[PDB]
Amino acid sequence: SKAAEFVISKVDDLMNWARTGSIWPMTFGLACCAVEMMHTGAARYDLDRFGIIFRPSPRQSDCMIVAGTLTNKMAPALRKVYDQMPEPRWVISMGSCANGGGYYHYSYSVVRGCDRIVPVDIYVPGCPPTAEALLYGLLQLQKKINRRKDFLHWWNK
Amino acid sequence: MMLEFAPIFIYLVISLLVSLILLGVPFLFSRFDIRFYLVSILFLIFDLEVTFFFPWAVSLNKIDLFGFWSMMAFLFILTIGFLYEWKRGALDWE
Amino acid sequence: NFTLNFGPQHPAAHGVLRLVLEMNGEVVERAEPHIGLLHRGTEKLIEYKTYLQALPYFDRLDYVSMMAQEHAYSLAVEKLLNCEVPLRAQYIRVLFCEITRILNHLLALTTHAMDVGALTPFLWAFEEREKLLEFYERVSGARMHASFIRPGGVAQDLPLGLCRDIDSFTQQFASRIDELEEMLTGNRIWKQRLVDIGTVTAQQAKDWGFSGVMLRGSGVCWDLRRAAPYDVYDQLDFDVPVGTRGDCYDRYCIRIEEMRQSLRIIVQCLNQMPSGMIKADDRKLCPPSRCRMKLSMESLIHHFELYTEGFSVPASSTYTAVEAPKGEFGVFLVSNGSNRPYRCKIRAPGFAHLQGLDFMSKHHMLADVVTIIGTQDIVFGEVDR
Amino acid sequence: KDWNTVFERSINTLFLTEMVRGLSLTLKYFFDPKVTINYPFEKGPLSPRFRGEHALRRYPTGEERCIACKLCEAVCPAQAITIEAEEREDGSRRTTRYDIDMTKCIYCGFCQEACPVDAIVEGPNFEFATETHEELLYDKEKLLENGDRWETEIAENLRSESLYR
Amino acid sequence: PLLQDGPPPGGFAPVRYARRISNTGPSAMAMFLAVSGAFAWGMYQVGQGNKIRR
Amino acid sequence: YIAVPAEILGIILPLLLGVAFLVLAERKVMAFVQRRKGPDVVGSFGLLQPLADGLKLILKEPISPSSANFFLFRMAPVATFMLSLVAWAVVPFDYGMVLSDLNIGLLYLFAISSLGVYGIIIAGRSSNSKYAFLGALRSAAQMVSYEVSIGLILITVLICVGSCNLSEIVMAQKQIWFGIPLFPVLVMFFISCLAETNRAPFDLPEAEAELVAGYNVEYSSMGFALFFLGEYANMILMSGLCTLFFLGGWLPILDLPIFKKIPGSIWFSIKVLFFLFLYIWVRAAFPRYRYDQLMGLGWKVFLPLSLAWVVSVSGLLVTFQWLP
Amino acid sequence: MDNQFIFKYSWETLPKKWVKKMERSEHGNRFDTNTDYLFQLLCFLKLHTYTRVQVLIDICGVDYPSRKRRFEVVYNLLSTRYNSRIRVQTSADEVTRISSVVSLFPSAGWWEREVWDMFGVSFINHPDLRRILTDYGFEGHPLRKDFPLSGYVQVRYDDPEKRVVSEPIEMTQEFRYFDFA
Amino acid sequence: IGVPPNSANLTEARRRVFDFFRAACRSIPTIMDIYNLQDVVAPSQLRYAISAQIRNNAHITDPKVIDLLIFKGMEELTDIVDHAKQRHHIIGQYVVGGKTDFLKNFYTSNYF
Amino acid sequence: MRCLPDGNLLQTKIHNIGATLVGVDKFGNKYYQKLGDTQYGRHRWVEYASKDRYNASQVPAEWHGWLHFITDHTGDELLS
Amino acid sequence: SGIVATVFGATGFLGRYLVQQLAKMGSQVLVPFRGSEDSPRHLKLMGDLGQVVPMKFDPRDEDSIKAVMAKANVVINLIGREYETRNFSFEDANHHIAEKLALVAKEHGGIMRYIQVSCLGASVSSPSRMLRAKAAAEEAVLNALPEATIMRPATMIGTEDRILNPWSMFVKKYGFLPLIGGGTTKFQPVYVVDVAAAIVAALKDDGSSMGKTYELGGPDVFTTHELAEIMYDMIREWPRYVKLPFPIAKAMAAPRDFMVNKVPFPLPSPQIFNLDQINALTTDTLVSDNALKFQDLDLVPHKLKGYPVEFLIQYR
Ligand SMILES: NC(=O)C1=CN([C@@H]2O[C@H](COP(=O)(O)OP(=O)(O)OC[C@H]3O[C@@H](n4cnc5c(N)ncnc54)[C@H](OP(=O)(O)O)[C@@H]3O)[C@@H](O)[C@H]2O)C=CC1
Ligand code: SF4
Ligand code: SF4
Ligand code: SF4
C-alpha cells in the first residue's frame with residue numbers, strides 16, 4: 001500500500017480543493033448580524049471573489065450562516081431548513097445571539113445558542129462581528145474542510 | 001437527401017451518454033386557472049400560422065401575386081380572430 | 001381561495017418575514033403577517049437593567065437606524081430628569097441622526113430595488129454605507145451598535161480630523177444619489193413596478209397610525225423635526241417632501257429627496273458646530289473624566305456610584321417621540337424613583353406599517369407584495385422587540 | 001396634444017431611449033478601479049477606539065492591574081463577567097477567578113469605561129473565531145495571555161485616546 | 001484639551017445637494033429617418049445580392 | 001461514420017468549457033460593473049472557479065426527494081440539457097464548418113426551441129411542490145408566448161433568403177448584413193431571446209425574493225447543474241443565432257482583402273461574444289417585469305410587430321421583384 | 001393649540017361623568033376615565049371639531065400588583081390637525097373585559113392583541129383577539145411583574161424524537177440580581 | 001367572531017361552557033390524525049380528559065372567571081389544532097396514552 | 001508556482017510591483033506600501049512568510065495597528 | 001451523576017439513543033470515532049456545554065484505545081458489524097475489538113462498570129457467523145472482566161434501523177416485499193429506546209447487574225410476515241408479499257460474501273440479502289424463560305405499534 005496511499009491523498013486533496021473553493025451558503029438573516037453579513041457580500045469584501053455564492057434554497061446550499069437571535073418560535077423553522085441541506089453541510093454561528101444568546105440570554109423567548117438546535121462548525125464572536133470578522137470565520141471553515149479525508153476513511157471502512 | 005440526419009442521431013446518442021454520466025457519477029461517492037389553457041390555445045393557433053408561413057416564404061418566388069394575396073387573406077381571417085381575442089381580455093393577465 | 005405560505009428565512013425579505021396570503025389566481029385577496037419570530041422580550045429585559053444598561057437595547061430595535069433610537073431614549077430620560085444638554089452635543093447628535101437617516105435610506109432603497117431585480121444599485125450604495133459606517137466606528141469604536149448618544153449628551157468628543165473627513169464625503173455624495181436616481185427614476189420597468197402600487201389615502205394613513213414617509217407619501221405635511229422639534233433642528237434649514245399620489249413610486253421619490261435634505265443638514269451642522277463640552281455638567285448622571293476620578297475623592301465616589309447603582313429618575317411618566325428614518329419612534333417610560341425603569345414601552349413605526357399590509361396589498365399581484373413590504377421599510381427588530 | 005410631441009413620445013417608447021442611458025451609466029464603472037480589499041493581505045481601516053477582543057493588563061513590573069473592585073461585573077449589561085476574589089498571601093486584593101462569556105458579551109465597552117485602573121480593555125483584535133463554544137468561555141489566564149500579546153498596541157491606543165476620556 | 005474637531009476658519013466649501021440635469025440623446029426624427037433610410041437602402045441591397053446569388 | 005463521434009465530441013466538450021467560462025465571465029462582468037472583483041482567488045484571476053464549482057456539485061449528495069415521480073424528476077434536467085446540446089449540430093462557424101448541413105435547419109431550430117419547454121414543466125409537477133409547479137407553469141407560458149415572435153422573425157429572415165439552410169442564410173448576407181435593414185427586427189429578436197431564455201429582465205426563476213419560487217427549487221447536485229448548463233448553453237446558442245441571422249455569420253464587416261485575412265470563425269466568435277456581453281450588461285442594468293407585464297408585452301407588442309414586419313418585408317420584396 | 005387650551009376646553013365641553021382625573025403637566029395632558037366610558041370619550045376626541053384627535057399612536061399596559069385593579073391601560077393619541085398629543089388611561093384587573101376601539105382606530109387591532117398577550121387583558125368586540133408575539137401554546141403573560149424573566153420552559157432539539165421540544169428551564173448560570181438600593 | 005361581553009349570570013356562563021365543550025370535543029378526530037394517535041389512545045379517553053378539566057372547575061361561581069377560562073380554553077384548543085407541537089406522550093398540557101408517598105419523595109430529594 | 005492555484009496571492013504579487021518595503025517582522029512577514037491614492041490613499045498590505053497556510057492571525061501586535069491604519073507607527077518603531 | 005462514560009461504537013444506531021439518555025442522567029460521555037469528524041456530529045447536540053466529547057481513535061491500535069479511556073470510570077461497548085468488509089471480518093469487528101477493549105479496560109483498573117452489548121441468539125451452535133463471533137466476545141469479555149455486564153437485545157426498531165427501512169425502500173422500488181423463510185421465522189423485535197433505557201438502568205442500579213446477561217426483547221412475538229404487515233398499514237401501500245425459499249435466498253446473497261475478500265476495493269453493504277442474516281432467519285430467536293428480561297430491570301418495553309413505527313410516515 002505504498003502507492004494506494006499516495007493516490008488516496010491526492011483524491012482527498014482534490015475533493016477538499018473543490019469543496020473549499022466552492023462554498024454556497026444559505027443566509028439565515030434573523031437580526032442585525034444579517035446587515036454585517038450583507039456588507040461582507042458587498043463590493044468592499046466581495047465574498048464572490050472567494051467563490052462564495054449565496055443560495056435561496058437549502059437544496060443548492062453547502063453552508064448555513066445563522067446571523068441573529070434565534071427565538072423559540074423560530075427554532076423549529078431553522079431545524080427544518082437545516083435538514084433539507086444535502087451532505088456535506090456545515091453551520092457557521094455568527095454573533096453573540098446565535099453563539100450563546102448574547103444580550104437576550106436570560107429572556108423567556110430566546111434559544112440560548114443555535115447549537116441547541118443544529119451542530120455548529122464555526123463560532124464567529126462579536127455583536128455584530130465586523131464584516132472582516134465574518135470573512136476570517138469563513139477562512140477558518142476552509143481550514144476545517146481541508147482536514148477531511150473522506151476517501152481515505154471510506155477506503156478503510 | 002436525408003444523409004445529413006445521421007450525424008444528428010449519433011449526436012443525440014452521445015449527448016444522452018454525457019448526460020447519464022454527469023447525472024450518475026454522484027451516486028457513487030388543486031387549482032385550475034383558465035388562462036393557461038387560453039395561452040395554450042393562442043400558441044397553437046400562431047404555431048400553425050408559422051407552419052403555413054415556411055412553405056410560403058420559401059415559395060414566394062413562384063407563386064407571385066396570387067400566393068401573396070391568398071396568404072394575406074389567411075392572415076386576415078386569423079387576425080380578425082386575434083382582434084376578437086384582444087377585445088375579450090384573453091391577452092390580459094391582470 | 002388557496003393560501004400561499006411565504007416565509008423567506010433569508011434577508012431577501014427581512015429574514016423572519018412570514019406571510020399567509022389568500023389568493024384568487026395571482027391576485028391577493030388577504031395578506032396576514034405572522035410575527036413574533038424575533039420577539040426577544042426587550043421590554044421585559046429593560047425592567048431588570050439600570051437606565052445606562054438599558055441603552056444598548058435601543059441600538060438593536062431598528063438595527064439599520066441605530067443612533068436614532070439611542071437619541072429617543074436619551075431624550076426621554078433627559079425629559080424626566082430635566083437635564084440640560086450642551087450645544088455641541090446637540091449638534092453632534094443631530095449630525096449623526098442625519099448620517100443615520102442616509103444609512104437607513106440607502107439600505108431601504110437598494111434592498112427594495114434588489115428585490116425587484118435591480119442588482120447593481122445595492123453594491124454602489126453599500127460602498128457609500130461603508131464610508132458612513134467608518135464615521136460610526138471612529139467616534140464610538142463600533143460599526144453599528146455605537147451606544148454613542150447617551151442621556152445628557154454623547155459618550156466622547158469627536159476625534160481630530162473627523163469633521164474634515166465628513167466634509168469630503170458630502171462633496172461627492174450628491175453625485176452618488178444622482179447615479180442611484182439615473183438607474184431607477186426614469187426607467188420604464190422601475191415605474192411599472194412602483195407606480196399606482198400600494199396607494200394609501202391620507203385618511204387611511206391616519207386611521208392606521210402611519211408615520212414618516214408612509215404618511216407624507218399621502219400628501220400630509222407632517223414631520224416631527226418641525227412639528228415637535230428637538231435638539232438644534234429649529235436652527236437648521238431643510239424642506240419636507242410630500243407625495244401627491246400616495247403610491248410606492250411617490251414614497252421612493254420622497255426617500256431620495258429626504259437623502260438630499262439630510263445632506264443639507266449635515267453640511268449646516270458641520271459649519272455651525274460650536275466648541276464646548278459634550279457632556280452635561282450636572283455631576284449626577286455624567287461620568288467624570290479618567291484624570292479627575294484618579295485625583296479627586298468626590299469624582300471617584302461619583303464614578304463608583306454611576307457604574308454600580310446608576311442614577312435615579314424621579315417617579316413620573318411621559319411619552320417621547322422622534323422622527324426616526326422609518327417614522328415616529330416613541331418611548332413610553334414609567335419611572336418609580338429608582339435606578340431602573342419601571343416600564344418601558346417602545347412604539348415602533350414598523351408595527352403600524354406592517355399592520356397596514358392587508359389593506360395596502362388588496363387586489364394586487366403576488367409580485368407586488370414584496371414591493372409593498374419594501375416601500376414600508378420593515379425591520380423586525382423593532383416590530384417584535 | 002401636438003403631432004410633434006405625440007411623435008416625440010411614440011419614438012422614445014418604440015426605440016427604448018431611456019434604457020440607453022441605463023446601459024451607458026452601467027458601463028462607466030466597468031473600466032474604473034475596484035474598491036475590493038485583498039483580504040487577508042490587505043485590511044479595512046479601524047480606529048484606536050475599536051471595541052474588539054477583551055484583554056487583562058499588567059503593570060510594567062508584571063503585577064496585575066485588576067484589584068477585584070467588581071465595577072465591570074456590576075455594569076456589564078449582558079452579565080457576561082463572573083469574578084471571585086480574596087486576599088492574596090502577600091495581602092493584595094486580587095481575583096482568583098475572572099471569567100468573560102464571549103457569547104453573552106455585546107462588545108459595548110462599558111466594562112472598559114467602568115474600570116478605575118485600566119485593567120480590562122477591549123483590544124483591537126477581531127479575528128478570534130473558534131470551532132467550539134467552550135473556547136469562547138474566557139478565563140482569567142486567557143485574558144492575561146491576550147493582554148501580554150497585545151500590550152504594545154493597547155498601550156499605544158490608550159496613549160492616543162487619553163486626550164478624550 | 002483646548003483643541004476640538006470642527007470647521008476651518010471660514011467653514012468648508014459649499015456642496016451641492018440638488019439633482020443635476022443631463023441632456024444626452026438623439027431626436028425622435030433623427031433616429032426615425034436613420035431607420036427608414038437604412039431599411040430602404042438595405043432592402044435594395046438585399047435585392048441586388050439576391051440577383052447575384054441567382 | 002467512424003470519424004463522426006470525434007467531430008461530435010470536438011463540438012460538445014469545448015461547448016461545455018465555454019458554458020463553464022460564460023458563467024465565470026458573467027460573474028466577472030457584473031462584479032466589474034459593481035466596483036468589485038468577482039471570482040479571483042480560485043486559480044489565477046479566478047480561472048479555476050468553474051472547475052471547482054463543477055467538482056463541488058459532482059461530490060454533493062443527491063437528495064432526490066420522496067416524490068412519487070422519481071424517474072421523471074431525474075429525467076427532466078437530462079431532457080433540457082440534451083435539447084440545449086443538440087441545437088449545435090446544425091450551427092455553422094465558417095464555410096464548411098458545420099456537423100449537419102440540414103436543408104431544413106431553420107425549422108429544426110424552431111422545433112428544438114418548441115421542445116425546450118418540457119424539461120421545465122416536468123420538473124415542476126414531478127417535484128411535489130405547489131411553489132415549484134406554479135413557477136414552472138409561469139415559465140412555460142412565457143416561453144411559448146415568446147416562441148411565436150421568434151418564429152415570425154425567423155419567417156422574415158426566410159423571406160429574405162428563401163431557404164432554410166443556415167449556411168445559405170449566412171451567404172445571403174454577402175451584399176449586406178440583414179441587421180442593417182432589419183435593425184428593429186434584430187432588436188425584437190434579441191428581446192425575444194432574452195424572454196425565451198428566462199433571462200433578465202425576464203428571469204422569473206431568479207425572482208425568489210419576489211415570492212416567486214423557481215421550477216428547480218427542489219433540485220440539488222447535478223440535476224440543478226444540468227438545468228443551469230442547459231440555460232447557459234441556450235444563451236450561447238441565442239447569441240449565435242442573432243449573429244447568423246442578422247450579423248452575417250462568419251462574413252467580415254467589409255468585403256476588402258484586409259478584413260478577409262482573419263478567419264471567419266474568429267468573426268463569428270467575436271459577434272457571439274458581443275451578444276453574450278449584452279446578455280450580462282442587460283442583466284446588470286435593469287429591474288425585472290412582473291409575470292403579467294411580460295406576458296402582456298409578449299402578446300400585445302412583440303407578436304403584432306413581428307406579424308407587421310413579415311407583411312411589410314414580403315410585400316416590398318414581391319412588389320419590386322427582389323425575391324431570392 | 002397648547003396644552004392649556006385643551007385642559008380648559010375639555011373641562012367645559014366634556015360630559016362630567018366621563019373623566020375621574022385630569023392632569024396638566026409638561027409630561028403630557030392626561031385624562032383618567034372609567035372603563036365603561038373609554039370608548040365614548042375616544043370617539044368624542046376623534047370626531048369633535050375642536051379636538052380632532054385622529055391618530056392612535058399606541059396602547060400599552062402597566063402592571064401595578066399592589067392595586068386591586070393591577071393593570072393600567074394607556075392610550076397615547078395625536079392630533080395632526082392641531083399638533084397636540086393627549087393621554088387617556090383606564091384601569092383593569094385580570095378578569096374585567098374592556099371595550100375595543102378597533103372600530104374607532106383600525107391600528108388598535110395589533111396593539112390590543114399585544115396587551116392581551118403581554119398582560120392578559122381582554123377586549124370586547126375585538127375582531128381577532130389572539131396572541132401575537134409569544135410562541136404558540138405559550139402559558140402566562142410575560143410582562144406581568146410576577147412572571148419570571150427567563151420564563152418556565154426552554155426549547156432544544158431532541159434527536160430520538162427528531163424534532164424541537166419544550167422542557168422546563170435549567171440554567172448553567174442563573175440570572176444574578178444586584179440590589180444597589 | 002368578536003370577543004363577547006362578559007356573561008351577565010351563571011346561566012349565560014354555563015351555556016358558553018357547553019358550546020366550548022362541544023367545539024373542543026368535536027375536534028378530537030382532527031387531533032387524532034394530526035398527532036397520529038390511532039394506536040396510542042382512544043377518542044373517548046381525550047373526551048373524558050376535557051370533561052375532567054371542566055369538572056375540576058365546577059366550584060367557580062364568578063361568571064367573569066368562567067368567561068376567562070373559556071377564552072383560554074379556546075386559545076389552547078386553537079394552538080393544538082392549528083400549530084401542533086407534537087411530543088410523543090403529551091398534547092399541550094395533557095399526558096396522552098407498599099410504601100406511602102413520603103419515602104418515595106424522601107428517596108428522591110430533600111425538596112418536596 | 002503558487003500564483004497559478006492561489007489567485008489571492010497573485011493579486012498581492014501584482015500589486016507589490018513598485019511598492020516600498022517598510023519592514024519585516026519576527027515571523028518573516030513583509031510589509032509594503034505604495035503611497036498613492038486609489039482606495040482613498042489606503043495602500044498598506046502584508047506579504048505573509050508562508051506562501052501556503054497563511055493566516056490573518058499571524059500578524060503580530062506591533063504591526064497590527066499599522067496594517068489596519070489604526071496608527072502611523074510601523075512595527076519597528078513600536079518595538080523601540 | 002459523576003459517571004464518565006467512554007462509549008465505543010456510539011456513532012451507530014443505538015449510540016445516539018444511549019448518549020442522549022446518558023446525557024439526561026448528568027453523566028459525561030466520551031465518544032471514540034474512527035473516521036471522519038462528521039460521524040459524531042449529531043451527538044454534540046446532546047447534553048449541556050462540554051458534556052459530550054467526540055475523540056478520534058484507532059480500533060487496531062492500543063495506544064489510541066487507552067487514550068480515550070484514560071479519564072473514564074465507565075466503559076460501554078457497542079462496536080459490531082452484521083456484514084463483512086474486505087478489512088474487517090466477522091471475528092475482527094465483533095470479537096477481536098471487543099476482547100481488545102476489555103483487556104485495555106483491565107489494564108486501566110479504574111473501570112467501575114463495563115457493559116458489552118451483544119445480540120439475542122449469540123451462541124456457539126448458531127448458523128450465522130456473526131452470532132458465533134458475538135458469543136466468543138461474550139466469553140472473552142467475561143473471562144477478561146467477570147464483573148462486566150452483558151445485554152442481548154433482539155432486532156432493534158427505530159428511525160435508523162436496518163430491518164424496516166431496507167424493506168420499505170425495497171418495496172417502493174420494486175413494488176413487492178420478499179419473505180426469506182416464507183415469513184415463518186419467529187422473533188420479538190424491541191424498541192431501540194428501551195434497549196438504551198436498559199443499559200442506563202444497569203448503570204443506575206446498586207450493583208445487581210454485574211456479571212449477568214440480560215435478554216432484552218419486545219413485549220410481543222411476531223413472525224416476519226406479521227411485522228411486514230405493520231409497515232404496510234403504516235406506509236399505506238398495497239401488500240404484495242412474494243415468497244422466496246432459502247436455497248435461492250442464499251443464491252443472490254452469495255456474490256457479495258464470495259467477492260468481499262477477493263476484490264481490493266470496497267463494496268455496497270447488503271440490505272435484505274445479507275447471507276449471514278439469512279442464515280440466522282432459519283431458526284426462531286426468542287428470549288429464554290430462564291434468563292433475565294426487562295422485568296428484573298424494573299422496565300417495561302414499548303409495543304411496536306404507534307410511536308416506535310412513526311418513522312414510517314416518511315414513506316407514504
Ligand atoms: N438490529 C440491530 O441493530 C441489533 C444490533 N445489536 C448489536 O448491538 C451493537 C450496536 O448496534 P447498532 O448501533 O445498531 O450497530 P451499528 O452497526 O449501527 O453501529 C456500529 C457501531 O460500531 C462501530 N464499528 C462497527 N464496525 C467497526 C469496526 N470494525 N471498527 C471500529 N468501529 C466499528 C461503528 O462506527 P462507524 O459508524 O464509524 O462504522 C458504529 O459506531 C452491535 O454490536 C450490534 O451487532 C444487537 C442486536 C440487534
Ligand atoms: S449578536 Fe448583536 S448584532 Fe448580532 S443579532 Fe444579536 S444583538 Fe444584533
Ligand atoms: S463589552 Fe459590555 S457586555 Fe461585554 S463584558 Fe464588557 S460590559 Fe459586559
Ligand atoms: S477589571 Fe477593573 S473594574 Fe473589573 S474587577 Fe478588575 S479592577 Fe475592577
# chains A, B, ... in the order shown; residues from 1 in each chain; ligands from 1

call {"tool": "residues_near_ligand", "arguments": {"ligand": "ligand 3", "cutoff": "10 Å", "atoms": "only C-alpha atoms and all ligand atoms", "output": "ChimeraX atom specification"}}
result
/A:96,102-103,126-127 /C:53,56 /D:51-54,71-82,99-114,120-122

call {"tool": "select_by_dssp", "arguments": {"residues": "chain I", "states": "alpha helix (DSSP H)", "output": "count of residues only"}}
result
22

call {"tool": "closest_atom_pairs", "arguments": {"of": "chain C", "to": "ligand 2", "cutoff": "10 Å", "atoms": "only C-alpha atoms and all ligand atoms", "output": "CSV"}}
result
residue,atom,partner,partner_atom_place_in_ligand_line,distance
C:38,CA,ligand 2,5 (S),10.0
C:56,CA,ligand 2,7 (S),9.1
C:57,CA,ligand 2,7 (S),8.1
C:59,CA,ligand 2,7 (S),8.5
C:60,CA,ligand 2,8 (Fe),5.7
C:61,CA,ligand 2,8 (Fe),8.8
C:62,CA,ligand 2,8 (Fe),9.9
C:63,CA,ligand 2,8 (Fe),7.2
C:144,CA,ligand 2,3 (S),7.9
C:145,CA,ligand 2,3 (S),7.3
C:381,CA,ligand 2,8 (Fe),8.8

call {"tool": "residues_around", "arguments": {"residues": "residue 63 (chain I)", "least_positions_apart": "6", "cutoff": "9 Å", "atoms": "only C-alpha atoms", "output": "MDAnalysis selection string"}}
result
(chainID D and resid 153) or (chainID I and resid 25 31 73:76 78)

call {"tool": "residues_around", "arguments": {"residues": "region 33-45 of chain E", "least_positions_apart": "2", "cutoff": "7 Å", "atoms": "only C-alpha atoms", "output": "NGL selection string"}}
result
(:E and (29-31 or 47-49)) or (:F and (175-176 or 180-182))

call {"tool": "residues_around", "arguments": {"residues": "residue 84 (chain H)", "least_positions_apart": "6", "cutoff": "12 Å", "atoms": "only C-alpha atoms", "output": "number ranges by chain"}}
result
A: 76; G: 135-137, 164-165; H: 30-36, 76-78, 90-92

call {"tool": "write_last_selection", "arguments": {"atoms": "C-alpha atoms", "output": "compact mmCIF listing (two decimals), in the first residue's frame"}}
result
# COMPACT_ATOMS: atom_id res chain seq x y z
CA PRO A 76 -38.37 24.64 14.51
CA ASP G 135 -44.61 31.27 20.87
CA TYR G 136 -47.64 29.13 20.10
CA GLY G 137 -49.05 27.40 23.16
CA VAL G 164 -37.54 20.59 18.60
CA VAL G 165 -39.15 20.05 22.01
CA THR H 30 -58.84 16.18 13.65
CA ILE H 31 -56.44 15.92 16.60
CA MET H 32 -56.20 12.14 16.16
CA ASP H 33 -54.97 12.45 12.57
CA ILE H 34 -52.65 15.38 13.33
CA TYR H 35 -50.77 13.60 16.14
CA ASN H 36 -51.26 10.06 14.71
CA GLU H 76 -55.36 26.29 24.00
CA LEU H 77 -57.58 24.35 21.58
CA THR H 78 -56.68 26.52 18.58
CA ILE H 90 -48.35 14.60 25.56
CA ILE H 91 -50.55 17.04 23.68
CA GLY H 92 -50.11 20.55 25.04

call {"tool": "atom_distance", "arguments": {"atom1": "CA of residue 136 (chain F)", "atom2": "CA of residue 89 (chain B)"}}
result
23.4 Å

call {"tool": "residues_around", "arguments": {"residues": "residue 20 (chain E)", "least_positions_apart": "6", "cutoff": "12 Å", "atoms": "only C-alpha atoms", "output": "VMD selection string"}}
result
chain C and resid 174 to 179 181 to 182 260

call {"tool": "interface_residues", "arguments": {"of": "chain B", "to": "chain F", "cutoff": "9 Å", "atoms": "only C-alpha atoms", "output": "MDAnalysis selection string"}}
result
chainID B and resid 1:8 10:12 14:16 18:20 22:27 29 36 39:40 42:43 46:47 49:51 53:54 56:61 64:65 68 72 86 91:94

call {"tool": "write_last_selection", "arguments": {"atoms": "C-alpha atoms", "output": "PDB file, in the first residue's frame"}}
result
ATOM      1  CA  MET B   1     -31.185  13.842 -49.291  1.00  0.00           C
ATOM      2  CA  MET B   2     -31.673  12.822 -45.663  1.00  0.00           C
ATOM      3  CA  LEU B   3     -27.995  11.951 -45.331  1.00  0.00           C
ATOM      4  CA  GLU B   4     -27.273  14.882 -43.005  1.00  0.00           C
ATOM      5  CA  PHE B   5     -29.642  13.499 -40.346  1.00  0.00           C
ATOM      6  CA  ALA B   6     -27.426  10.540 -39.356  1.00  0.00           C
ATOM      7  CA  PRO B   7     -24.804  12.741 -37.604  1.00  0.00           C
ATOM      8  CA  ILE B   8     -27.684  14.282 -35.642  1.00  0.00           C
ATOM      9  CA  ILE B  10     -25.179   9.980 -33.343  1.00  0.00           C
ATOM     10  CA  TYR B  11     -25.008  13.410 -31.683  1.00  0.00           C
ATOM     11  CA  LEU B  12     -28.179  12.642 -29.724  1.00  0.00           C
ATOM     12  CA  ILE B  14     -23.519  10.905 -27.415  1.00  0.00           C
ATOM     13  CA  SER B  15     -25.347  13.755 -25.654  1.00  0.00           C
ATOM     14  CA  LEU B  16     -27.528  11.218 -23.842  1.00  0.00           C
ATOM     15  CA  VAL B  18     -22.807  12.514 -21.434  1.00  0.00           C
ATOM     16  CA  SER B  19     -25.982  13.432 -19.549  1.00  0.00           C
ATOM     17  CA  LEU B  20     -26.202   9.972 -17.978  1.00  0.00           C
ATOM     18  CA  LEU B  22     -22.987  13.516 -15.360  1.00  0.00           C
ATOM     19  CA  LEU B  23     -26.199  12.596 -13.526  1.00  0.00           C
ATOM     20  CA  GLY B  24     -24.929   9.155 -12.449  1.00  0.00           C
ATOM     21  CA  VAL B  25     -21.456   9.949 -11.131  1.00  0.00           C
ATOM     22  CA  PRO B  26     -22.718  11.438  -7.795  1.00  0.00           C
ATOM     23  CA  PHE B  27     -24.488   8.117  -6.950  1.00  0.00           C
ATOM     24  CA  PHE B  29     -19.358   8.823  -3.675  1.00  0.00           C
ATOM     25  CA  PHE B  36     -53.027  28.736 -19.069  1.00  0.00           C
ATOM     26  CA  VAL B  39     -52.400  30.873 -23.687  1.00  0.00           C
ATOM     27  CA  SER B  40     -52.011  27.303 -24.976  1.00  0.00           C
ATOM     28  CA  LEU B  42     -53.291  31.106 -28.760  1.00  0.00           C
ATOM     29  CA  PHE B  43     -49.886  29.457 -29.014  1.00  0.00           C
ATOM     30  CA  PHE B  46     -49.955  31.067 -34.055  1.00  0.00           C
ATOM     31  CA  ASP B  47     -47.765  27.954 -34.234  1.00  0.00           C
ATOM     32  CA  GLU B  49     -49.551  30.259 -38.656  1.00  0.00           C
ATOM     33  CA  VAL B  50     -45.694  29.950 -38.546  1.00  0.00           C
ATOM     34  CA  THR B  51     -46.099  26.409 -40.042  1.00  0.00           C
ATOM     35  CA  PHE B  53     -45.553  30.626 -43.492  1.00  0.00           C
ATOM     36  CA  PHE B  54     -42.483  28.335 -44.053  1.00  0.00           C
ATOM     37  CA  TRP B  56     -44.988  30.300 -48.444  1.00  0.00           C
ATOM     38  CA  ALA B  57     -41.770  32.147 -47.538  1.00  0.00           C
ATOM     39  CA  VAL B  58     -39.591  29.752 -49.475  1.00  0.00           C
ATOM     40  CA  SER B  59     -42.074  29.730 -52.384  1.00  0.00           C
ATOM     41  CA  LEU B  60     -42.779  33.460 -52.850  1.00  0.00           C
ATOM     42  CA  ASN B  61     -40.607  33.471 -55.992  1.00  0.00           C
ATOM     43  CA  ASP B  64     -46.014  35.679 -57.251  1.00  0.00           C
ATOM     44  CA  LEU B  65     -49.035  37.935 -56.579  1.00  0.00           C
ATOM     45  CA  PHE B  68     -49.132  36.595 -51.671  1.00  0.00           C
ATOM     46  CA  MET B  72     -52.893  37.782 -46.925  1.00  0.00           C
ATOM     47  CA  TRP B  86     -57.713  41.133 -27.661  1.00  0.00           C
ATOM     48  CA  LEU B  91     -54.296  38.813 -23.671  1.00  0.00           C
ATOM     49  CA  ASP B  92     -54.532  40.465 -20.226  1.00  0.00           C
ATOM     50  CA  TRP B  93     -53.124  38.576 -17.241  1.00  0.00           C
ATOM     51  CA  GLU B  94     -54.302  41.138 -14.694  1.00  0.00           C
TER      52      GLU B  94
END

call {"tool": "interface_residues", "arguments": {"of": "chain C", "to": "chain E", "cutoff": "7 Å", "atoms": "only C-alpha atoms", "output": "MDAnalysis selection string"}}
result
chainID C and resid 158:163 170:171 174 178 260 263:264 270:271 273 275

call {"tool": "closest_residue", "arguments": {"among": "C:203, C:69, C:338, C:90", "to": "residue 106 (chain G)", "atoms": "only C-alpha atoms"}}
result
C:203

call {"tool": "residues_near_ligand", "arguments": {"ligand": "ligand 1", "cutoff": "6 Å", "atoms": "only C-alpha atoms and all ligand atoms", "output": "list in words"}}
result
residues 9, 10, 11, 12, 13, 14, 15, 33, 34, 35, 59, 78, 79, 80, 81, 82, 88, 93, 117, 118, 119, 153, 154, 155 and 156 of chain J

call {"tool": "interface_residues", "arguments": {"of": "chain H", "to": "chain J", "cutoff": "8 Å", "atoms": "only C-alpha atoms", "output": "ChimeraX atom specification"}}
result
/H:36-40,88

call {"tool": "interface_residues", "arguments": {"of": "chain I", "to": "chain D", "cutoff": "8 Å", "atoms": "only C-alpha atoms", "output": "list in words"}}
result
residues 8, 11, 12, 38, 39, 44, 45, 46, 47, 48, 55, 56, 57, 61, 62, 64, 65, 67, 68, 69, 70, 71, 78 and 79 of chain I

call {"tool": "select_by_dssp", "arguments": {"residues": "chain I", "states": "strand (DSSP E)", "output": "list in words"}}
result
residues 20, 21, 22, 23, 24, 30, 31, 32, 33, 44, 45, 46 and 47 of chain I
